[PDB]
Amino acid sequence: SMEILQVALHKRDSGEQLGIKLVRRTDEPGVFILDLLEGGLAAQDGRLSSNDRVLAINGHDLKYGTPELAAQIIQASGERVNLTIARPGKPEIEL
């Protein structure tokens, strides 16, 4: 199963970073969160997580996107950055 959620972050100036490390994978399409940077906007917000898939930013489709396309969108954004995410899998497993 997967959870779909929306997260809105607000830049205090046009050059502020979100504090996210985005990666591609060779074995599946998409853009994924690897980790959040210490003290950044995303970490402060507390909703985004490692292994989340970024489906869209501000209505711009990223399903088959790249980290560089995400960077372009974010760097050119307005103050509000809305991310639509997919979060797969079980959070706890006994094995």
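Numbering starts at 1 and follows the sequence shown.
- With 81-89 and 8-16 compared on mean CA B-factor from the PDB entry, the stretch scoring higher is 8-16.
- Two stretches are in play, 23-31 and 39-47, and the higher mean C-alpha B-factor belongs to 23-31.
- Among the modelled residues of its chain, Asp52 has a C-alpha B-factor that falls in the lowest third, as given in the PDB entry.
- Split the chain's modelled residues into thirds by C-alpha temperature factor. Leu69 is in the highest one.
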